[PDB]
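Lettered A, B, C, D, E, F, G and H in written order, each chain numbered from 1.
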Amino acid sequence: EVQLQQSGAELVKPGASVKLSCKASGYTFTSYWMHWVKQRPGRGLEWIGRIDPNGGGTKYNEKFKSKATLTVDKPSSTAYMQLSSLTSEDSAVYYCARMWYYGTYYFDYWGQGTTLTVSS
Amino acid sequence: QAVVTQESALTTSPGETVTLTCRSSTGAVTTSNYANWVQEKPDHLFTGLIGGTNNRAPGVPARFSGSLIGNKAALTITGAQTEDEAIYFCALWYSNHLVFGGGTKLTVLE
Amino acid sequence: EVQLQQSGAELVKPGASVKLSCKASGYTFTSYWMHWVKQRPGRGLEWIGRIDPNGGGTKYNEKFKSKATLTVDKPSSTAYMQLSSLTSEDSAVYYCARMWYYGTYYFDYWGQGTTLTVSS
Amino acid sequence: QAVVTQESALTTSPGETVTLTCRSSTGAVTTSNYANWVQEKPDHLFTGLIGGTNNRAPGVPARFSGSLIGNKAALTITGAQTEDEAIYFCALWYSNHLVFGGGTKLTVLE
Amino acid sequence: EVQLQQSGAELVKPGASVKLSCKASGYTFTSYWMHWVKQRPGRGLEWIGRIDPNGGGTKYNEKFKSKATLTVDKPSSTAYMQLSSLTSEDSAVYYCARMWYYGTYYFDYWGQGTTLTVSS
Amino acid sequence: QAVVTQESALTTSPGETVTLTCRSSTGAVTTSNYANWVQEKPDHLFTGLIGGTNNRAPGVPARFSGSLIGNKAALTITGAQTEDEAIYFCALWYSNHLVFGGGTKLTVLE
Amino acid sequence: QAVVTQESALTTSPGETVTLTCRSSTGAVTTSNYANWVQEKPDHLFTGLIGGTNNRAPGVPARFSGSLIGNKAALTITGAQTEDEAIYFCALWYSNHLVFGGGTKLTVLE
Amino acid sequence: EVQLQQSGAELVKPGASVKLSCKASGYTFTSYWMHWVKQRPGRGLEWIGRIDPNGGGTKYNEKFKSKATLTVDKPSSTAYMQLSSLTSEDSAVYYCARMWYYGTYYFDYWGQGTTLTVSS
């Protein structure tokens, strides 16, 4: 604590678009940063993207720069990951990770990871 | 279709109180949903804890209780033990069939 | 307790039809309801159908409405799930789930889940 | 072909008595079937407990006993311990070969 | 105890023939019987064959009656399982199981199971 | 691309001090990398221990400390306990994104 | 090619002595084979116990000893403990490369 | 202790070439020997190669003699394994194993094993 909140699991099919969420329970979105990390079995954890709420700064890679996109949400306060053109290869556990990096103390609390299945 | 959303994992301490939420994608979780809470422990063992929002299975301690909070159903565990470490799934009734969330893994340390 | 009883495992081949059973040890079929839940690894648990013994009310979904069908049995007292046109994609653990919902106390006891293999 | 059916899982308490059944799809389980009961514990370790309906392997306690009940073979465990938590498979002899059921997972809590 | 002895693991390739062994440490081959049981992940345990040393009686099934064959060995004392025409589908753990059934006391001791890989 | 390298496993004893290293393939790990250390325990549970080279998450004991050593970042654990047995991943910041190493499995015996 | 054969599993009791054998398919295991014995415990952790038939790694107790018996190499464990429960692999040197057996799983009850 | 040091994980793609490393923390490269052992799930551990630093003696097999090659490194002191023409079949955990065999006491300490993924 402080804590990160992601959905347990999401089910999708090839070709569709899915959105995964990352909530802060008791912090300041306007100060900090956000990550999305893909863990597949035996691929380890692969770093994917980033996010900034105001103007923006959601940064990926020239494999992710296409279907993978990140975002924020103000009145509730949430970070987003989008997977457009879902493939069967996109099936994994996606971790979001959450606070500080401004110049204060303490640490992020890694979310619990969203299991994305594709498809059944 | 109806999608049910719960947190992926909550870490806790023994003697501490934790809450698990469960939202409907169709709107509010209401009492026509008869919110179900089922503990899963290793080796695919499922045990029904609470049915119809707040009704306990025989011999579930009173430390476990369900309720509706806002637009979501909640499961609250009072005075967590180490034996409470499991995967808690939420299942909602949509007229004639259940729909499950992904399950909230609860870690107790320790 | 009260307890639910399903068979341990069933083996089938693509194209065939299999039936899985769900027994009540110490209750009233005429009052209550029954579910069938498919768990595949990493698909979580997918809700499938329902069942009512007298006239009937066994309710599925427009993916299940074809090969998947549910039923009851009187003198012994059992609930049924049928999988016609078995596919290799049908391989999973099927859970049946069992009592109350009439207006009394207490709770269902989830069966132990039938492992269906297809095919070897 | 011959299909053997047993329950998928039974939950129990220590000091409590539990029964596992095993049915033949061909008719009654009879003593020509020589009902076999084999405990499996984690990491694919199989141990023969009872053969020929009711005969104990050396050093299986007398708390384990097999029998025929009605048209099924039964394995009963008296005064369950926590060490008794395993997967109990039933194997029936059909003239020249065994045929196995799916195995009954026994949970002891705890 | 008494104990059964099988080899830990065997590696083969599609088309080849492999032999798996089952040893008795402290018993009488001339009295008793022997089984071979295939466990694949999620197929459970599938009963395969049998064996008799003198004249013979090694009994399979009209799927096994082809590549699968069982046998004995006298001066050392061993039971055999042969898999001719190995397929990639033959990869599993094969258990041998060992004593009594003559009219005396006590019980078989299941071998430890031979892991057959095919192929790498 | 940027590759992060850490040891695959270190075995240790309780009360003993162990060090985990993390190298950058681009050159030296520097403080612009904000070296991250995250403990993973069974069932995919990740917990951030240290961020920005040497800053502890709330309630990580002072026995855990990060630092830069030569061209690598280090995580040192003082007075190892049995509860310390986990997989420790290193993550480095390269301007706008993290890059992870394979994780160092720490065994404590016992 | 050279095939190495060991038993798949041996069950034992604490304080009891157990022996693991390892045969060469090429003939006798000889001292040019430098018989190796490596304990593996859960999560792919390998630890070399004995090399060159009978030489102990530093701090392997004297209860573990290797030897040649007949045409096979043997590993004997005296006064088994519960901590001894592991997978023991045999590796033989054939001029310029090792060849491994399948590993003998040792169960201690308990 | 003494201890062996390998990298945690490496990610590659089919057709590429990867190098895995094995470090000695507190010993003599000039005296001893080095192995590389492939463990795939259910293939067990497969012995691969060898290595000698001065003139050389890095010995494989007529399956490995092509893409698989081993090596040393002097000023730092390291052993190498190369996998040229990476295939999806090359994905496994590669163990390096480290000391004595000269005529002194004590034993090797098996490295921790490098997980090679191919490809995502």
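Observations
Definition applied: a residue touches a chain if its C-beta (ideal position, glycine included) is under 8 Å from a C-beta of that chain, and two chains touch if they have at least 3 such contacts.
Equivalent interface to B-C within the set C-D, F-H or G-H: G-H (over half of contact pairs identical by residue number).
Of the two chain pairs considered here, G-H and F-H, the higher C-beta contact count falls to G-H.
Subunit F and subunit G have CA centres that are 34 Å apart. Centre-to-centre separation between subunit D and subunit H, using Cα means, comes to 47 Å.
Centroids built from CA atoms put subunit E at 22 Å from subunit D. The set of subunit G residues that touch two or more partner chains comprises 9, 45, 47, 102-103, 105. Residues of subunit A found to touch two or more other chains are 8-9, 44, 46, 112-113, 115. Every pair of chains meeting the contact definition is listed here: A-B, A-C, A-F, A-H, B-C, B-D, B-F, C-D, C-E, D-E, D-G, E-G, E-H, F-G, F-H, G-H.
Within the complex formed with subunit D, the residues of subunit C that make contact are 3, 5-10, 111-115. The touching residues of subunit F, counted against subunit A in their complex, run 34, 38, 44-52, 55-58, 60, 89, 91, 96-100, 102-103.
Against subunit A, in their complex, subunit H makes its touches with residues 8-9, 11, 91, 115, 117, 120. Against subunit C, the residues of subunit E that register as touching in their complex are 40, 42-44, 46, 89.
For subunit A in complex with subunit F, the residues that touch the partner chain are 1, 35, 37, 39, 44-50, 57, 59-61, 93, 95, 97, 100-101, 105-110, 112-113.
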